[PDB]
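Reviewing the structure listed below.
Start at 1 with the first residue, then count along the sequence.
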Amino acid sequence: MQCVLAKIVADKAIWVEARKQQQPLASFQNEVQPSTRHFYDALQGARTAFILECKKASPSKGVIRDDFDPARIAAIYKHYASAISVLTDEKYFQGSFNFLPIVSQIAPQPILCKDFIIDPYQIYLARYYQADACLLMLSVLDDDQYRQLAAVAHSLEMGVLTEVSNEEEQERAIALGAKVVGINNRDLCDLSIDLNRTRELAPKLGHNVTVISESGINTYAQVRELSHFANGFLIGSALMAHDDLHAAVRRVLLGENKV
Ligand SMILES: O=C(O)c1ccccc1NC[C@@H](O)[C@H](O)[C@H](O)COP(=O)(O)O
């Protein structure tokens with residue numbers, strides 16, 4: 001039919017309205033204080049940085065965590081994460097803006113709102129729920145849109161994870177002087193995965209640009225090999241797909257449990 005990300009944005013627009021009508025910016029605007037946490041800093045260092053994600057379901061795998069509970073998840077993700085990602089999209093990943101606060105309190109790491117942001121309202125909306133940073137996608141926006149949204153987040157003391165999926169987007173994120181570039185291994189059109197994208201698009205990125213490899217990381221071996229190309233990883237399913245969540249972090253992130 002058509003790209004999956006395409007369908008998603010359609011619904012994201014129809015979603016903000018059904019909520020902009022309900023909870024307009026004015027009904028909370030000048031009441032959202034900047035973020036008292038630093039996303040950008042949290043990902044700095046020579047040590048592999050981890051962005052653990054709380055996700056319940058996805059277009060690619062359906063329902064992942066049959067028994068979701070953003071409370072118990074952050075209770076574990078907090079002992080290891082550099083940052084914690086939270087899908088705030090209900091229709092596709094069964095996420096919810098309320099999960100953000102639920103975590104920002106149980107976990108001290110900067111919270112990242114993982115959603116398809118196409119409206120400044122959304123940024124204002126997440127900051128309201130304690131979202132310490134947001135995700136802007138160069139495959140869903142264009143320079144002007146990005147600058148706009150980029151400026152907005154940088155107003156509320158919020159970090160910006162810039163997602164690139166190809167060389168053109170990479171070159172763009174560079175021209176835009178993006179500070180944290182997330183390279184997505186998943187082709188959001190057909191939902192196919194290729195970890196070489198990380199290998200391909202990171203070498204050029206130069207310093208003062210933290211590279212985060214996102215999606216498809218299933219094993220520790222992959223973490224270890226790809227740590228040669230990226231500064232960090234954003235891992236969702238490899239963790240959410242297991243009941244014993246702590247044992248999962250040991251296997252996948254620490255190459256523990258002796259495999
Ligand atoms: O994961 C999906 O199936 C999907 C589908 C369409 C659009 C975006 C998608 N992923 C959202 C994205 O934020 C992913 O959750 C993270 O990059 C982590 O993925 P994971 O480690 O779970 O493979």
Side-chain angles (χ1 to χ4, degrees), residues 32-55 70 73-74 76-89 95 97-138 140-141 146-164 173-174 176-184 198 202 205-215 217 227 230-236 239 253:
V32 298
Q33 257 65 60
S35 177
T36 64
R37 299 181 173 183
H38 207 62
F39 176 74
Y40 288 116
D41 197 66
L43 314 173
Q44 294 283 42
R47 264 145 48 214
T48 302
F50 287 108
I51 300 178
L52 303 191
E53 194 179 77
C54 301
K55 194 210 303 186
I73 298 171
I76 306 183
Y77 278 0
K78 61 198 293 284
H79 306 311
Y80 308 106
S82 290
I84 299 170
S85 192
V86 184
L87 273 296
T88 55
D89 186 277
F97 270 85
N98 311 314
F99 292 144
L100 287 179
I102 296 175
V103 182
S104 191
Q105 60 171 293
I106 174 69
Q109 299 88 342
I111 302 292
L112 171 69
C113 175
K114 208 63 186 302
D115 203 309
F116 313 82
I117 283 184
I118 64 180
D119 199 294
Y121 166 66
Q122 297 176 277
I123 301 180
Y124 278 110
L125 180 58
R127 218 305 82 177
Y128 177 81
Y129 289 96
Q130 291 285 70
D132 303 303
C134 83
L135 173 85
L136 299 189
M137 305 165 55
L138 299 185
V140 186
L141 312 176
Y146 176 95
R147 299 163 204 160
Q148 185 177 187
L149 291 158
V152 178
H154 288 177
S155 301
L156 300 57
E157 286 303 296
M158 275 176 80
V160 175
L161 177 58
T162 311
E163 187 168 300
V164 299
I174 289 179
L176 298 172
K179 298 179 72 178
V180 184
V181 169
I183 298 174
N184 202 339
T198 285
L205 288 179
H207 83 154
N208 63 51
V209 178
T210 301
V211 179
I212 297 296
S213 180
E214 338 168 73
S215 315
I217 287 101
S227 81
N231 289 89
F233 297 94
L234 193 156
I235 303 172
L239 298 187
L253 275 39

Can you give me every donor-acceptor pair (side chain of residues 119-126, partner residue at least two apart or in another chain, under 3.5 Å) with its distance?
residue	atom	partner	partner atom	Å
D119	OD1	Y121	N	2.8
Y121	OH	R19	O	3.4
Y121	OH	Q23	O	2.5
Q122	OE1	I118	N	2.7
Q122	OE1	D119	N	2.8
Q122	NE2	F116	O	3.3

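- With sequence neighbours left out, the salt bridge (charged side-chain N to carboxylate O under 4.0 Å, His left out) criterion links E163 to no other residue.
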inquiry  = One pair to check against side chain to side chain contact (heavy atoms under 4.5 Å, CB included): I51 and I235. What are the steps and the verdict?
reply    = CA-CA 6 Å; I51 300 178; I235 303 172; over 6 Å; no
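- For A178, the side chain to side chain contact (heavy atoms under 4.5 Å, CB included) partners are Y146, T162, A173, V181, not counting sequence neighbours.
- Using modelled atom types, one finds a donor on one side chain and an acceptor on the other under 3.5 Å when comparing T88 with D115.
- Residues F233 and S227 approach most closely at CZ-N, 3.7 Å, considering heavy atoms.
- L138 CG to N184 CG: the interatomic distance, rounded to the nearest 0.5 Å, is 12.0 Å.
- By the side chain to side chain contact (heavy atoms under 4.5 Å, CB included) test, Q130 pairs with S104, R127, sequence neighbours left out.
- The shortest heavy-atom contact between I217 and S213 is CD1-O, 3.8 Å.
- Smallest separation of non-hydrogen atoms from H154 and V160: NE2-CG2, 3.9 Å.
- The OG atom of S85 lies 9.5 Å from the CG atom of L52; values are rounded to the nearest 0.5 Å.
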inquiry  = Checking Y40 against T210 for the side chain to side chain contact (heavy atoms under 4.5 Å, CB included) test, could you report, in this order, the C-alpha distance in whole Å, the side-chain angles of both residues, the deciding distance, and whether it holds?
reply    = CA-CA 8 Å; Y40 288 116; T210 301; over 6 Å; no
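- Contact annotation: the side chain of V211 never approaches that of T198 to less than 4.5 Å [non-hydrogen atoms, C-beta and beyond].
- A107 meets the side chain to side chain contact (heavy atoms under 4.5 Å, CB included) test with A74, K78, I84, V103, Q109; sequence neighbours excluded.
- Here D41 pairs with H38 under the side chain to side chain contact (heavy atoms under 4.5 Å, CB included) rule; sequence neighbours left out.
- Between the CD atom in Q148 and the CG atom in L136 there is a gap of 10.5 Å [rounded to 0.5 Å].
- To the nearest 0.5 Å, atoms OH (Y77) and CG (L253) are separated by 9.0 Å.
- With hydrogens and angles disregarded, no donor-acceptor distance shorter than 3.5 Å links the side chain of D132 to the backbone of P110.
- Taking both residues in full, the closest heavy atoms of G236 and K55 are given as CA-CE, 4.5 Å, listed atom of the first, atom of the second, then distance.
- The distance from atom CG of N208 to atom CD of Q44, rounded to the nearest 0.5 Å, is 8.5 Å.
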message = If you apply the rule side chain to side chain contact (heavy atoms under 4.5 Å, CB included), what do you find for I183 with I212, and how did you get there?
response = CA-CA 6 Å; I183 298 174; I212 297 296; over 6 Å; no
task = Let me see the working for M137 and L135 under side chain to side chain contact (heavy atoms under 4.5 Å, CB included), right down to the final yes or no.
result = CA-CA 7 Å; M137 305 165 55; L135 173 85; 4.0 Å; yes
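- Scanning all heavy atoms of the two residues, the minimum distance from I111 to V86 falls at CG2-CG2, 4.0 Å.
- Closest approach of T48 and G232 over heavy atoms only: CG2-CA, 4.3 Å.
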